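*Asks:* Pasting in a structure now, in structure tokens, and then I'll have a few things to ask.
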Amino acid sequence: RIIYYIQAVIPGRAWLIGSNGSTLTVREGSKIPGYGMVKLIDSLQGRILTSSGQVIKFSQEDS
Amino acid sequence: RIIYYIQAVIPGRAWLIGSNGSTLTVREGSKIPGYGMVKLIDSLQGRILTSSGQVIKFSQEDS
Amino acid sequence: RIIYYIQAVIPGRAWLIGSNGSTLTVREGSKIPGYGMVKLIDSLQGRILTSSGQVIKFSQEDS
Amino acid sequence: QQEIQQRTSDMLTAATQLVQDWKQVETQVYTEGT
Amino acid sequence: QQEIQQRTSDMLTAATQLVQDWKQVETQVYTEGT
Amino acid sequence: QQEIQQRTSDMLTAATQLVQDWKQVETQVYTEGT
Amino acid sequence: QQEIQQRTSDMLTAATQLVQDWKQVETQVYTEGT
Amino acid sequence: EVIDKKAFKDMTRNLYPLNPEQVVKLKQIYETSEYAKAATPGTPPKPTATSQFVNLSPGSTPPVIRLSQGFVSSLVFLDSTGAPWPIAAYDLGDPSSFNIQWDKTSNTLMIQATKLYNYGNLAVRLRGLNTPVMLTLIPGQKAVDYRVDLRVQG
Amino acid sequence: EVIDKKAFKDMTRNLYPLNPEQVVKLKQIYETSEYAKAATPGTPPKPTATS
Amino acid sequence: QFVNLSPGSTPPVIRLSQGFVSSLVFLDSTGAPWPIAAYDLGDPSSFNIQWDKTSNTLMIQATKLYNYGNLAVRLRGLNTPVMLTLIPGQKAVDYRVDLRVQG
């Protein structure tokens with residue numbers, strides 16, 4: 001599937017980029033495509049948890 | 001295989017160049033090709049410790 | 001064998017020039033062919049100790 | 001309870017400090033060149 | 001106990017000396033040529 | 001035990017001597033030619 | 001025994017005299033010709 | 001002459017009250033203190049470069065550029081063929097957050113992040129484009145974009 | 001000589017009351033305060049183009 | 001070292017010594033000089049530089065102790081500036097680096 005990476009992270013809002021190269025941005029209250037709903041976003045440790053239980057973080061190659 | 005020579009040892013970062021001339025930088029939380037995962041980046045004594053248990057050092061010629 | 005002599009003596013490193021015209025610098029932890037490993041460095045009096053019980057100093061002419 | 005009032009004094013100075021940190025906003029700059 | 005408050009005083013003076021050593025920002029400089 | 005601290009003050013003069021005796025640095029002297 | 005420090009006094013004055021004598025070094029001169 | 005010997009002893013101990021070993025000790029103390037000063041807590045960001053294809057769609061989202069304080073990033077702006085499109089003018093908000101040197105007839109921008117973490121916006125009018133391109137620049141992350149190339153649609 | 005060693009230790013302590021690790025952790029406190037100062041409450045908006 | 005223009009390629013780093021002059025003459029893939037049109041450098045308090053406006057040679061002086069900075073150089077025939085990171089405080093000092101461009 002399309003794998004998102006954290007292209008930007010602040011408290012409140014988050015910006016993500018698909019593995020194809022697409023663009024998206026979300027907050028904690030939003031519906032995330034392919035992952036359900038946004039559970040928790042933390043600027044500390046760079047992790048986003050979804051209602052599908054899946055976690056999106058930085059590129060390990062680009063951190 | 002890759003024989004990595006230290007270019008810049010600093011807290012939080014590492015710079016390496018292999019035996020084939022490819023140059024790169026790496027962090028503490030990251031993998032390493034040919035040595036597994038990065039266990040410790042040491043600012044002291046110019047030491048890089050791998051999860052597989054190896055030390056990366058300067059050339060003896062290039063102190 | 002190759003005769004080394006001192007062109008400069010400092011704390012930290014040492015400066016050696018061979019009899020053929022080949023020169024280099026050395027540190028405490030290193031090796032030299034024909035003398036072995038540098039066991040200790042004496043910044044005073046321009047004396048360099050090695051593992052083979054041999055001391056490299058200045059030339060008799062460079063005195 | 002003098003510790004109460006000195007604590008309020010220093011944090012009120014800090015609060016006024018952040019007021020003068022936050023009540024100003026600088027403007028734009030439009031730059032044109034041929 | 002009774003002698004540590006002057007120890008506090010020398011700590012902050014070095015600290016307040018250090019605290020403005022990060023606030024400054026060096027200007028980038030650009031040089032032309034022909 | 002009461003003469004170390006006056007002796008310590010003389011060291012402090014030498015202590016504050018060396019910081020400004022070391023951290024200063026003069027720049028390059030570039031030379032042109034024709 | 002008050003003689004301990006009076007011989008120290010004239011000791012250091014010539015000593016402080018002597019140290020700066022080795023400190024200064026004038027630069028060399030240069031002369032062309034035509 | 002023991003009086004003069006003790007005189008030489010005390011004049012030595014007041015003329016040079018500081019030991020050479022103590023001199024080297026305080027020199028290492030100086031070096032350790034300034035290394036702790038110049039040290040940055042946390043890890044420094046990863047230096048990298050990117051080449052992005054800008055989508056100018058009205059329904060789309062504007063591009064987002066990571067930054068970090070105290071470093072200059074070069075952003076170049078070329079067409080979809082990659083040919084170097086020059087830059088006509090710009091309008092920048094928050095001058096105290098982002099230092100900027102602009103060569104007036106070039107195609108590349110040098111941007112230095114003056115402030116630490118507060119983010120900014122920037123609009124740029126190009127040469128033949130009726131519509132300007134607006135981008136968001138956000139400092140303070142674990143990735144510093146050293147050079148960003150921008151392939152525009154047009 | 002214990003007088004000399006005590007004098008050198010006291011001079012070092014009075015010269016630098018702050019240890020280097022204390023300097024690093026107070027720098028951490030400072031930059032955490034800078035992150036707090038740069039922190040903006042509420043939900044930040046979303047930029048968009050409209051026609 | 002030979003530099004590379006790919007975005008994923010890591011930028012080159014240069015070890016520096018404080019107050020000691022580093023000479024950098026910039027050459028192409030063929031080794032011929034590529035003269036410098038302009039340059040940009042942050043933190044003049046940490047990096048000191050003489051640069052003549054004709055040659056491809058940079059005289060670099062590390063002013064501070066451990067402040068690392070970035071340098072961009074636009075050549076007389078290059079659109080893309082070359083950007084490198086210089087850091088002082090290593091156990092070696094590059095007196096002179098021969099850097100090679102793709103173009």
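We name chains A, B, ... following the order of the structure tokens; residues begin at 1 in each chain, and ligands are numbered from 1 as shown.
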Give me the residues within 9 Å of range 2-6 of chain J as an MDAnalysis selection string, counting only C-alpha atoms and dropping any in the same chain fewer than 3 places off.
*Replies:* (chainID H and resid 49:51) or (chainID J and resid 9:12 28:29 80 82 98:102)
*Asks:* Find the residues near residue 57 in chain J: any atom within 7 Å, counting only C-alpha atoms, skip ones fewer than 3 places away on the same chain, and give them as a PyMOL selection string.
*Replies:* chain J and resi 23-26+51
*Asks:* Could you save those same residues with N, CA and C atoms as a PDB file, in the first residue's frame?
*Replies:*
ATOM      1  N   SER J  23      43.264  26.026   1.750  1.00  0.00           N
ATOM      2  CA  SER J  23      43.205  26.471   0.367  1.00  0.00           C
ATOM      3  C   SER J  23      42.366  25.492  -0.440  1.00  0.00           C
ATOM      4  N   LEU J  24      41.370  26.016  -1.151  1.00  0.00           N
ATOM      5  CA  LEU J  24      40.422  25.189  -1.895  1.00  0.00           C
ATOM      6  C   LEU J  24      40.355  25.678  -3.335  1.00  0.00           C
ATOM      7  N   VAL J  25      40.949  24.931  -4.253  1.00  0.00           N
ATOM      8  CA  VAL J  25      40.884  25.245  -5.673  1.00  0.00           C
ATOM      9  C   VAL J  25      39.906  24.276  -6.328  1.00  0.00           C
ATOM     10  N   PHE J  26      38.904  24.820  -7.012  1.00  0.00           N
ATOM     11  CA  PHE J  26      37.774  24.038  -7.497  1.00  0.00           C
ATOM     12  C   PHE J  26      37.981  23.618  -8.945  1.00  0.00           C
ATOM     13  N   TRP J  51      38.626  35.654  -0.418  1.00  0.00           N
ATOM     14  CA  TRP J  51      38.319  35.060  -1.713  1.00  0.00           C
ATOM     15  C   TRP J  51      38.516  36.121  -2.785  1.00  0.00           C
TER      16      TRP J  51
END
*Asks:* Between G:17, G:8, G:24, G:31, which has the minimum distance to chain H (counting only C-alpha atoms)?
*Replies:*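 Among G:17, G:8, G:24, G:31, it is G:8 that comes nearest to chain H.
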*Asks:* Write out as a ChimeraX atom specification which residues come within 10 Å of residue 10 in chain F when counting only C-alpha atoms, dropping same-chain ones fewer than 3 positions away.
*Replies:* /F:5-7,13-15 /H:14,16-18 /I:7,11
*Asks:* List the spatial neighbours of residue 40 in chain B as a VMD selection string - criterion: any atom at most 9 Å away, only C-alpha atoms, same-chain residues fewer than 4 positions off excluded.
*Replies:* chain B and resid 28 to 29 47 to 51
*Asks:* Produce a file of the selected residues containing N, CA, C and O atoms, as a PDB file, in the first residue's frame.
*Replies:*
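This is the output file out-v1.pdb:
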ATOM      1  N   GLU B  28      22.517   7.821  15.629  1.00  0.00           N
ATOM      2  CA  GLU B  28      22.584   6.777  16.645  1.00  0.00           C
ATOM      3  C   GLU B  28      21.470   5.754  16.459  1.00  0.00           C
ATOM      4  O   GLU B  28      21.712   4.542  16.492  1.00  0.00           O
ATOM      5  N   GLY B  29      20.242   6.221  16.259  1.00  0.00           N
ATOM      6  CA  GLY B  29      19.171   5.301  15.948  1.00  0.00           C
ATOM      7  C   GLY B  29      19.053   5.118  14.452  1.00  0.00           C
ATOM      8  O   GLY B  29      18.371   5.898  13.775  1.00  0.00           O
ATOM      9  N   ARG B  47      34.952   6.540  18.749  1.00  0.00           N
ATOM     10  CA  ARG B  47      34.494   5.159  18.690  1.00  0.00           C
ATOM     11  C   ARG B  47      33.068   5.080  18.160  1.00  0.00           C
ATOM     12  O   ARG B  47      32.209   5.882  18.536  1.00  0.00           O
ATOM     13  N   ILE B  48      32.828   4.113  17.278  1.00  0.00           N
ATOM     14  CA  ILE B  48      31.490   3.778  16.800  1.00  0.00           C
ATOM     15  C   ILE B  48      31.260   2.301  17.073  1.00  0.00           C
ATOM     16  O   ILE B  48      31.974   1.451  16.528  1.00  0.00           O
ATOM     17  N   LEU B  49      30.260   1.992  17.890  1.00  0.00           N
ATOM     18  CA  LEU B  49      29.973   0.622  18.294  1.00  0.00           C
ATOM     19  C   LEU B  49      28.684   0.145  17.643  1.00  0.00           C
ATOM     20  O   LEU B  49      27.669   0.850  17.670  1.00  0.00           O
ATOM     21  N   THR B  50      28.730  -1.049  17.065  1.00  0.00           N
ATOM     22  CA  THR B  50      27.618  -1.622  16.326  1.00  0.00           C
ATOM     23  C   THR B  50      26.864  -2.633  17.181  1.00  0.00           C
ATOM     24  O   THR B  50      27.366  -3.118  18.198  1.00  0.00           O
ATOM     25  N   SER B  51      25.629  -2.932  16.761  1.00  0.00           N
ATOM     26  CA  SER B  51      24.831  -3.934  17.461  1.00  0.00           C
ATOM     27  C   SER B  51      25.411  -5.328  17.286  1.00  0.00           C
ATOM     28  O   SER B  51      25.284  -6.169  18.182  1.00  0.00           O
TER      29      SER B  51
END
*Asks:* Once you count only C-alpha atoms, which residues of chain E turn out to be within 7 Å of chain J? Could you give them as an NGL selection string?
*Replies:* :E and (26-34)
*Asks:* DSSP on the backbone: what in chain D comes out strand (DSSP E or B), as a list in words?
*Replies:*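 Residues of chain D classed as strand (DSSP E or B): residues 29, 30, 31 and 32 of chain D.
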*Asks:* What are the DSSP alpha helix (DSSP H) residues of chain D, as a ChimeraX atom specification?
*Replies:* /D:2-22
*Asks:* Would you mind exporting the chosen residues as a PDB file, in the first residue's frame, restricted to C-alpha atoms?
*Replies:*
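Saved to result_15.pdb:
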ATOM      1  CA  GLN D   2       5.931  36.099  52.144  1.00  0.00           C
ATOM      2  CA  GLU D   3       7.045  33.313  49.788  1.00  0.00           C
ATOM      3  CA  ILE D   4       3.618  33.544  48.128  1.00  0.00           C
ATOM      4  CA  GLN D   5       3.943  37.243  47.398  1.00  0.00           C
ATOM      5  CA  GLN D   6       7.558  37.136  46.206  1.00  0.00           C
ATOM      6  CA  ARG D   7       6.633  34.238  43.898  1.00  0.00           C
ATOM      7  CA  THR D   8       3.754  36.310  42.518  1.00  0.00           C
ATOM      8  CA  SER D   9       6.139  39.251  42.114  1.00  0.00           C
ATOM      9  CA  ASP D  10       8.690  37.362  40.023  1.00  0.00           C
ATOM     10  CA  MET D  11       6.091  35.527  37.949  1.00  0.00           C
ATOM     11  CA  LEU D  12       4.227  38.804  37.368  1.00  0.00           C
ATOM     12  CA  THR D  13       7.443  40.314  36.037  1.00  0.00           C
ATOM     13  CA  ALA D  14       7.784  37.243  33.813  1.00  0.00           C
ATOM     14  CA  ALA D  15       4.154  37.592  32.697  1.00  0.00           C
ATOM     15  CA  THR D  16       4.663  41.241  31.748  1.00  0.00           C
ATOM     16  CA  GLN D  17       7.853  40.160  29.986  1.00  0.00           C
ATOM     17  CA  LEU D  18       5.943  37.666  27.865  1.00  0.00           C
ATOM     18  CA  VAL D  19       3.276  40.322  27.248  1.00  0.00           C
ATOM     19  CA  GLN D  20       5.895  42.583  25.711  1.00  0.00           C
ATOM     20  CA  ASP D  21       7.200  39.492  23.910  1.00  0.00           C
ATOM     21  CA  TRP D  22       3.826  38.710  22.367  1.00  0.00           C
TER      22      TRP D  22
END
*Asks:* For range 24-27 of chain I, list every protein, DNA or RNA residue within 7 Å, evaluated using only C-alpha atoms, and leave out those in the same chain fewer than 4 positions away; present the list as a ChimeraX atom specification.
*Replies:* /H:36-37,41 /I:20,31
*Asks:* Please report the interatomic distance between CA of residue 75 in chain J and CA of residue 22 in chain J in Å with one decimal.
*Replies:*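 These two atoms are separated by 19.1 Å.
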